[PDB]
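The structure appears below as structure tokens.
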Protein chains: 2
Amino acid sequence: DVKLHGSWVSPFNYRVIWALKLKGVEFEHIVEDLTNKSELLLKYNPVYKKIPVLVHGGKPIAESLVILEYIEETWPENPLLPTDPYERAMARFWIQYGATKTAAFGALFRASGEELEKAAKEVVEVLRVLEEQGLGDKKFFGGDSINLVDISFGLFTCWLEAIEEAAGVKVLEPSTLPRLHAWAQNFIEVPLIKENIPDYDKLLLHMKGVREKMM
Amino acid sequence: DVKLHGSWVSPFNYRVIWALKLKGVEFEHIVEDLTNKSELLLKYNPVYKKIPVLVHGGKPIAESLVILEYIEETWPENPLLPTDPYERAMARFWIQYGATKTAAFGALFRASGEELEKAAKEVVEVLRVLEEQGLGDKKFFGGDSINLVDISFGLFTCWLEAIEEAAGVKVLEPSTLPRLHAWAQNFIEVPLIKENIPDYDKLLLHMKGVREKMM
Ligand SMILES: [NH3+][C@@H](CCC(=O)N[C@@H](CSCC(=O)c1ccc(-c2ccccc2)cc1)C(=O)NCC(=O)O)C(=O)O
Ligand SMILES: [NH3+][C@@H](CCC(=O)N[C@@H](CSCC(=O)c1ccc(-c2ccccc2)cc1)C(=O)NCC(=O)O)C(=O)O
């Protein structure tokens, strides 16, 4: 009844896996080879031709953020968004902030030496705004347990760690971002996340290859 | 109780005016001078320092798309989104598509001659995807009346007309985009929109100035 066209390394696909597992929704995972996209992927997502794509009752939903809100509305038990409209607006605001700022991380795989240090400091400032104004003193973006905002920021955990190792730069460190670094550790320790993350060695190999391609 | 920090020309501010007027919500409009931003604007929107900003009960909500969803959740009567989760996901999908593709219009105020023709054809293709896959044969993106998707695309009416005149290029024409061109005319004729749009001559003057700045 539920199919997920995805991948073993995409952080965007993992957002959907986490949301489905938090809802207890059974699904079939269909791994796509992006160098030879299936006929179903091209039919289901003609606008972007990207994964993930959720297919529910044969109807497709593309774009991880759109999929996450569809899951929250379709399986409302175990809520992943607050009930209060102002708190829901703040959650959407921070999700949107992450979506817009994800592009700033691209420079980490394009710049060298004294230019790469500049890109890293700019990414630290993006994360500092998120830490100070978004997370604050809460354990998670969702308070005492993870919500759609934590899920949307999950790419800043093992994927960002792999990016830092591939590029030879440090961004999310405890001295510079104490609360965000503690959050990243707490997020990765949540059993649902711990049991559903790519193997670090395989993820690092993938990131080194993406960096090689972008020079 | 409701304040809107805005402007007389911003299409993003007009999205919020339309949503508030469709809900029958009384509000005070506070026009911001972006060359000398008020202390309230900087306090209410420290992340982006942009308008619009809605202030409801003294609590601020920045980003037009976030504001629109807050208005829909706070004043649920006269709904501006469908009830079905799949239809709601499609609405969010197209709103997101417009938000990402709005950047492609920037090239219309940066390119010249045989390069500007290329930027215009790329923008026509963005609109053709929206027309074929989003609007289809419906009168409005919301069916028989306007919804948040029509509101999000309202910038493709008089603002885009002004951009076409300022740059000397044609993008949204009836021969090339028959259904989208009919939609744009129908949208502008909705009494709520007709009574709440900037004066075209003033909007054109503003667009000519933005183009002069971007060369
Ligand atoms: N907006 C879409 C994006 C999906 C997408 O790009 N899908 C790719 C495959 S996944 C991309 C990925 O491997 C990747 C990995 C890590 C990051 C990352 C991590 C941390 C910090 C910053 C960046 C970002 C992206 C695709 O189908 N591609 C189609 C094709 O290329 O043919 C969504 O939200 O679903
Ligand atoms: N993501 C924000 C954007 C808001 C924004 O950019 N605000 C500007 C003022 S408005 C921008 C505008 O005048 C404008 C006009 C027309 C278009 C347009 C029209 C049609 C087709 C394509 C593009 C796009 C933008 C600001 O505060 N600026 C802060 C500052 O510059 O100091 C939102 O959705 O609220």
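Numbers and lists here come from the model and the stated rules, or from a named source; these are not laboratory values. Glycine also receives a Cβ, built like all others from the backbone with ideal geometry; neighbour counts cover every protein chain displayed.
Go over the candidates A:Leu65, A:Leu80 one by one and state the one that is of a type in the set (A, V, I, L, M, F, W, C), within 15 Å of ligand 1 (Cβ to nearest atom) and outside the structural domain of A:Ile193 (by CATH). Before you say what the answer is, go through the steps one by one.
Values: A:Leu80 fails: within 15 Å of ligand 1 (Cβ to nearest atom).
Going through A:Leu65, A:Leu80 in turn, the sole match is A:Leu65.
Residues are listed down the side, and each one gets a yes or a no for (1) surrounded by 13 or more Cβ atoms within 10 Å (Cβ to Cβ); (2) within 18 Å of B:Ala91 (Cα to Cα); (3) within 16 Å of ligand 1 (Cβ to nearest atom):
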position: A:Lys37; (1), (2), (3): yes, no, yes
position: A:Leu41; (1), (2), (3): yes, no, yes
position: A:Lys59; (1), (2), (3): no, yes, no
position: A:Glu73; (1), (2), (3): yes, yes, no
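Just to verify a result, which residue in region A:178-208, among those that are aliphatic (A, V, I, L, M), in contact with a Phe, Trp or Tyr (Cβ under 9 Å, 6 or more places away or on another chain) and touching a residue at least 40 places away in the same chain (Cβ under 8 Å), is surrounded by the fewest Cβ atoms within 10 Å (Cβ to Cβ)? Step through it out loud before you land on a result.
Taking region A:178-208 as the starting set, the residues that turn out to be aliphatic (A, V, I, L, M) are A:180, A:182, A:184, A:188, A:190, A:192-193, A:197, A:203-205, A:207.
Filter once more, keeping what is in contact with a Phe, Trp or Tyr (Cβ under 9 Å, 6 or more places away or on another chain): A:180, A:184, A:190, A:192-193, A:197, A:203, A:207.
Within this subset, residues satisfying the condition of being touching a residue at least 40 places away in the same chain (Cβ under 8 Å) are A:180, A:190, A:192-193, A:197, A:203, A:207.
Values: A:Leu180: 22, A:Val190: 17, A:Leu192: 12, A:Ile193: 22, A:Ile197: 18, A:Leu203: 21, A:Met207: 22.
The selected residue is A:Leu192.
Write out, first by first residue and then by second, each pair whose Cβ atoms fall under 8 Å of each other, whose residues are 6+ apart or on separate chains, and whose first residue, in region B:129-146, is away from every other protein chain (no Cβ under 13 Å) and surrounded by fewer than 14 Cβ atoms within 10 Å (Cβ to Cβ) while the second is among the hydroxyl-bearing types (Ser, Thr, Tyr) and in a loop (DSSP other than H, G, I, E, B).
Close Cβ pairs (under 8 Å, with a partner that is among the hydroxyl-bearing types (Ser, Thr, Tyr) and in a loop (DSSP other than H, G, I, E, B)) do not exist here.
Listed here are the residues, each with its yes/no results for (1) more than 21 Å from B:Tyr97 (Cα to Cα); (2) away from chain B (no Cβ under 14 Å); (3) touching a residue at least 40 places away in the same chain (Cβ under 8 Å).
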| site | (1), (2), (3) |
| --- | --- |
| A:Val9 | yes, yes, yes |
| A:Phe27 | yes, yes, no |
| A:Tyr44 | no, no, no |
| A:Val47 | no, no, no |
| A:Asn78 | yes, yes, yes |
| A:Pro82 | yes, no, yes |
| A:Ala99 | no, no, yes |
| A:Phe105 | yes, yes, yes |
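Every residue in region B:55-74 that is within 9 Å of chain A (Cβ to nearest Cβ) and closer than 19 Å to B:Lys43 by Cβ, please.
B:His56, B:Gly57, B:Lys59, B:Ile61, B:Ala62, B:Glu63, B:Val66, B:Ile67, B:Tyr70
Quick one: which helices (runs of 4 or more DSSP H) sit completely within region B:1-79 and have at least 1 residues that are of a type in the set (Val, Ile, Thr) and either on the phi < 0 side of the Ramachandran plot or over 18 Å from the mean Cα position of the chain (by Cα) (or both)?
In region B:1-79, the matching helices (runs of 4 or more DSSP H) lie at B:11-23, B:64-74.
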